[PDB]
Amino acid sequence: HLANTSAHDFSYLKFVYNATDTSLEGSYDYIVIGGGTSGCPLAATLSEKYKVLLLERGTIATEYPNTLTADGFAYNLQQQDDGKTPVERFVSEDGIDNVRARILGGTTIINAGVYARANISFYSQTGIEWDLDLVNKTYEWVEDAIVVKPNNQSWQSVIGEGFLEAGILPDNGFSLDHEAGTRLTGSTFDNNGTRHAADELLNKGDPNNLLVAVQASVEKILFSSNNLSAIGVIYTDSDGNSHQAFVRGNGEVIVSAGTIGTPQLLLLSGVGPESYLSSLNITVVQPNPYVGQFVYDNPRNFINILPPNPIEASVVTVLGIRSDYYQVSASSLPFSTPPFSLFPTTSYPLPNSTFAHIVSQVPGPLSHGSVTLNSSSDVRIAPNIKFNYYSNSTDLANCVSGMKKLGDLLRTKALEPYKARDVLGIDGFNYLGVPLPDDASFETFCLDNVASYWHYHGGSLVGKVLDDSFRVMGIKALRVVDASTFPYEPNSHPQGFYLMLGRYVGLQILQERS
Ligand SMILES: Cc1cc2nc3c(=O)[nH]c(=O)nc-3n(C[C@H](O)[C@H](O)[C@H](O)COP(=O)(O)OP(=O)(O)OC[C@H]3O[C@@H](n4cnc5c(N)ncnc54)[C@H](O)[C@@H]3O)c2cc1C
Ligand SMILES: *[C@@H]1O[C@H](CO)[C@@H](O)[C@H](O)[C@H]1NC(C)=O
Ligand SMILES: *[C@@H]1O[C@H](CO)[C@@H](O)[C@H](O)[C@H]1NC(C)=O
Ligand SMILES: *[C@@H]1O[C@H](CO)[C@@H](O)[C@H](O)[C@H]1NC(C)=O
Ligand SMILES: *[C@@H]1O[C@H](CO)[C@@H](O)[C@H](O)[C@H]1NC(C)=O
Ligand SMILES: *[C@@H]1O[C@H](CO)[C@@H](O)[C@H](O)[C@H]1NC(C)=O
Ligand SMILES: *[C@@H]1O[C@H](CO)[C@@H](O)[C@H](O)[C@H]1NC(C)=O
Ligand SMILES: *[C@@H]1O[C@H](CO)[C@@H](O)[C@H](O)[C@H]1NC(C)=O
Ligand SMILES: *[C@@H]1O[C@H](CO)[C@@H](O)[C@H](O)[C@H]1NC(C)=O
Ligand SMILES: CC1(C)OCc2cc(C=O)ccc2O1
């Protein structure tokens, strides 16, 4: 149930149109906002039976060829953000550099390619009445299209031997499942280095029913006057002109604009906390105190070693999983322009030689913050976001445990060949940045050297904004499907879950209607 090596399939471009085209305006059965990780499979799925309009603010990935290879991963983060690029830069109010996607295919067009299924306990933990058999068939539908078993990479094999030696057991071999132990997982880079992404799932939609508008910046959700319902959207094109599209009958608008874009759009449309919106003189359409609340970013903490002999660059494929920390490492060429957000600030030393980035992820996390509007009218102006890293002490204690484990990993035989000096301790490695340092000093290391893992989620939670069917409570014909919906990560690497979730919810909408 896995995909082959092949070129990125752009056949779907035959139904992709510039949002300047006013013939796109009119009535549809479904409008999907955000052509990303969840939105692309969701729109393709709905188009099997119904007329779908998919609206995406970014352009097409062919415009930026470095999004199409493993080799280009760094380039897209190094590229300056001119407002059109696939990578949009931002800084949380915590002061931590970060990025989100602005491109058809969403974050699967810019990410590190790691594919994994949700922790199988995640479903009962949510309390949603999942159709579990359907979930697994949907995973296979995604995997058959874009996931492969990766080939060996020498550094990934080193790191896998070290995880095992350091006691991250058992050895799970090759597996897509999020389970304790060390494993090789799937990748959306194929064995030729070609990137596969959510946009390619548009190829599974019906070309007679699915229309895609790019450089369509959705500014407002439109509602009925009465029985409050969503009825359509306002979006502007790359020239600045405005356009309207509607749903009809028993159809629906679904927001799939991401952790950041979905709460932003809901607020701008008057769905959010009564007090906050009134203070901005935004008319309240549906008061809900949780829109933009419970927004999470799992911490990344890391060390960099500079081996005395060169190592080969590699994409992450080998995972070391415990309940309280998830670990990986990438080996990378040197660079003199930093990939934005790889390190938490722009003033961070640059590597002269090949290096290994060795990393630990805090699960959850338990610390949370919020998304608030910067402009009360302009969707192209980025919202304020704060994550409050390490405000919850359980997160800190887990970073401490993870950092001690990376210490054990640096002490393994597998890693010994990468020390500069053949001494007994780990100060035999050459480090880029702060090395590992008791308890109080690991806490200070965790707090001072944290970065984003880029796996941020929340802001429109099931049980706070949405019901168990992803419907916005109080409003008919409006749903939200993307990473804004859950308060905890489904696994170490969540694109698999959100690719699946797009199609799954699409199938649930088709079922309800039928
Ligand atoms: C650099 C990076 C590396 C990552 N690496 C990995 C990894 O290796 N493995 C992994 O599993 N996960 C990884 N992730 C995380 C994972 O890819 C994301 O969590 C997930 O893809 C986000 O899903 P989404 O649908 O919520 O968002 P997106 O995929 O970003 O979808 C949102 C889309 O909506 C569009 N949009 C937003 N606002 C509007 C609007 N107003 N009008 C129209 N369109 C709009 C956006 O441009 C975007 O295309 C990575 C994340 C980043 C940032
Ligand atoms: C591998 O990638 C190269 C470079 O992008 C491409 O020219 C070639 O056709 C690919 N191989 C296969 C078998 O698709
Ligand atoms: C859409 O058309 C405008 C010209 O009106 C152009 O500047 C823009 O690049 C086009 N976008 C795409 C994705 O073709
Ligand atoms: C779904 O697949 C997982 C493996 O990813 C397996 O553990 C589980 O038993 C399957 N569930 C069902 C309902 O078949
Ligand atoms: C990688 O594992 C492969 C499995 O395809 C096997 O052929 C071989 O033992 C390994 N190859 C290298 C180059 O180490
Ligand atoms: C909202 O409008 C009132 C006038 O109706 C004004 O007094 C108040 O300052 C406005 N607040 C903002 C934030 O625009
Ligand atoms: C999987 O999820 C369950 C329940 O949420 C949790 O107890 C367990 O720690 C998780 N397993 C891993 C390997 O993260
Ligand atoms: C908008 O963003 C700017 C610059 O990022 C920030 O300094 C400012 O406080 C924000 N304004 C509001 C009203 O949130
Ligand atoms: C951390 O989060 C837990 C679980 O959500 C919560 O009960 C607790 O209040 C938080 N602890 C601190 C110290 O903030
Ligand atoms: C774990 C992580 C973040 O994954 C991807 C990655 C890529 C580069 C390329 O420059 C460098 C380091 C790195 O580490």
Side-chain angles (χ1 to χ4, degrees), residues 13 16-22 24 35 56-64 66 70-78 83-84 89-93 95 99 102-104 110-114 155-156 159 187 189 212-217 236-241 264 267 276 279-280 292 298 300-305 311 313-320 326-344 348 350-351 354-361 370-378 381-386 406 432-433 451-455 492-493:
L13 290 180
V16 175
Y17 294 101
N18 202 334
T20 55
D21 190 333
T22 73
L24 296 170
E56 167 58 41
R57 65 188 185 139
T59 191
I60 53 176
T62 48
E63 285 312 281
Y64 293 96
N66 284 305
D71 274 337
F73 172 75
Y75 182 98
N76 310 311
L77 299 182
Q78 286 172 309
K84 318 243 270 204
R89 292 186 181 183
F90 73 92
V91 194
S92 73
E93 272 178 11
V99 298
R102 180 170 51 213
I103 199 71
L104 182 62
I110 63 166
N111 68 15
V114 189
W155 185 250
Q156 300 293 304
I159 283 283
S187 185
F189 300 116
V212 187
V214 283
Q215 288 192 305
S217 157
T236 60
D237 58 35
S238 64
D239 300 326
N241 291 316
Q264 180 191 34
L267 296 165
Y276 173 80
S279 81
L280 295 187
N298 301 65
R300 176 159 49 94
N301 292 92
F302 60 89
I303 45 153
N304 312 297
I305 59 166
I311 65 182
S314 58
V315 304
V316 172
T317 61
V318 166
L319 278 43
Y326 319 137
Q327 314 197 319
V328 303
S329 173
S331 53
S332 149
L333 304 160
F335 43 69
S336 53
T337 305
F340 194 80
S341 79
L342 177 58
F343 304 121
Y348 184 102
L350 293 171
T354 68
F355 72 102
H357 194 61
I358 310 171
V359 144
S360 198
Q361 182 183 177
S370 66
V371 165
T372 52
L373 295 176
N374 191 268
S375 163
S376 61
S377 67
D378 187 354
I381 288 169
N384 314 304
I385 181 151
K386 205 178 181 201
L406 292 190
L432 179 76
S452 177
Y453 215 98
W454 302 308
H455 296 176
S492 62
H493 285 83

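In this chain, numbering begins with 1 at the start of the sequence shown. First listed ligand is number 1; within each ligand, the first listed atom is number 1.
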> Starting from atom 3 (C) of ligand 10, which protein heavy atom do you reach first, and at what distance in Å?
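Nearest protein contact, heavy atoms only, for atom 3 (C) of ligand 10 is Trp454 CZ3, 3.7 Å.
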> Between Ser360 and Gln327, do the side chains contain a donor N or O and an acceptor N or O under 3.5 Å apart?
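Present: a donor and an acceptor within the cut-off.
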> Could you tell me whether the side chain of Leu319 reaches within less than 4.5 Å of the side chain of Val114, counting heavy atoms only?
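Heavy-atom side-chain distance check passes, below 4.5 Å.
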> Which residue and atom name correspond to the protein heavy atom nearest atom 11 (N) of ligand 3, and how close is it?
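For atom 11 (N) of ligand 3, the nearest protein heavy atom is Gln215 OE1, 2.6 Å.
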> Any protein heavy atom at under 4.0 Å, with atom 9 (O) of ligand 8 as the reference point?
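When distances to the protein are checked, atom 9 (O) of ligand 8 has no heavy atom within 4.0 Å.
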> Check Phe343 against ligand 10 and report side chain, backbone, both or neither, counting heavy atoms closer than 4.0 Å.
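Neither part.
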> How far does CG of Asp237 sit from CG of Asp21, to the nearest 0.5 angstrom?
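The CG atom of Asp237 sits 10.0 Å away from the CG atom of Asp21.
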> Which protein non-hydrogen atom lies closest to atom 14 (O) of ligand 10, naming both residue and atom, and how far is it?
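Heavy-atom neighbour on the protein nearest atom 14 (O) of ligand 10: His357 CD2, 3.2 Å.
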> Is the gap between the ring centers of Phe302 and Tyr453 under 6.0 Å?
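Judged by ring-centre distance (under 6.0 Å), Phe302 and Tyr453 do not meet the cut-off.
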> Check whether any side-chain heavy atom of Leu342 lies under 4.5 Å from a side-chain heavy atom of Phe335, and answer yes or no.
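When only atoms from C-beta onward are counted, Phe335 and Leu342 do touch, with a gap below 4.5 Å.
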> Only heavy atoms of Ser238, strictly under 4.0 Å: list the atoms of ligand 3 that pass.
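The list of qualifying atoms is 1 (C), 3 (C), 8 (C).
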> Could you identify the single nearest non-hydrogen protein atom to atom 14 (O) of ligand 3 and state the distance to 0.1 Å?
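Going atom by atom, the protein heavy atom closest to atom 14 (O) of ligand 3 ends up being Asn18 ND2, 3.4 Å.
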> Between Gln361 (side chain) and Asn298 (backbone), is there a donor-acceptor pair under 3.5 Å?
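A pair under 3.5 Å: no.
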> Taking the inter-plane angle between the rings of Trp454 and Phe73 on a 0 to 90° scale, is it parallel (under 30°), tilted (30 to 60°) or perpendicular (over 60°)?
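Perpendicular: the ring planes of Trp454 and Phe73 meet at over 60°.
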> Got a second to check how far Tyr276's OH is from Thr372's OG1, nearest 0.5 Å?
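It is 4.5 Å, given to the nearest 0.5 Å.
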> Distance to 0.1 Å, residue and atom name: give those for the protein heavy atom nearest to atom 7 (C) of ligand 10.
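Nearest neighbour among protein heavy atoms for atom 7 (C) of ligand 10, to 0.1 Å: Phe73 CE2, 3.4 Å.
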> At what distance is the nearest protein heavy atom to atom 1 (C) of ligand 10, and which residue and atom is it?
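Protein heavy atom at minimum distance: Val328 CG2, 3.9 Å.
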> Could you state the interatomic distance from CG (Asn76) to CG (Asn111), rounded to the nearest 0.5 Å?
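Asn76 atom CG to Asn111 atom CG measures 10.5 Å (nearest 0.5 Å).
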> Taking all atoms of both residues into account, what is the closest heavy-atom pair of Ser314 and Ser331, and its distance?
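For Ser314 and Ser331, the tightest heavy-atom pair comes out as OG-OG, 2.6 Å.
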> Heavy atoms of the protein only: does one fall short of 4.0 Å from atom 2 (O) of ligand 8?
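Yes.
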> What protein heavy atom sits nearest atom 4 (C) of ligand 8, and how far off is it?
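The closest heavy atom on the protein side is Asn374 ND2, 4.8 Å.
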> Within this structure, what is the CG-CD1 distance for the pair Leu333 and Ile311, rounded to the nearest 0.5 Å?
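It is 9.5 Å, given to the nearest 0.5 Å.
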> Under a 4.0 Å heavy-atom limit, does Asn384 contact ligand 8 with its side chain, its backbone, both, or neither?
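Under 4.0 Å from ligand 8, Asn384 contributes side-chain atoms alone.
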> At under 4.0 Å between heavy atoms, is it the side chain or the backbone of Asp239 that contacts ligand 3, or both, or neither?
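Side chain only.
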> With heavy atoms under 4.0 Å as the rule, classify the contact between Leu342 and ligand 10 as side chain, backbone, both or neither.
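Near ligand 10, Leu342 shows its side chain, while the N, CA, C and O stay back.
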> What's the shortest distance from atom 13 (C) of ligand 10 to any protein heavy atom, and which residue and atom give it?
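Answer for atom 13 (C) of ligand 10: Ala330 CB, 3.6 Å.
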> Check each atom of ligand 3 against the heavy atoms of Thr59 and keep those under 4.0 Å away; list them by number with element.
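What qualifies from ligand 3 is 13 (C).
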> Starting from atom 10 (O) of ligand 10, find the nearest protein heavy-atom neighbour and note its residue, name and distance.
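Answer, as residue, atom name and distance: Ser332 OG, 3.5 Å.
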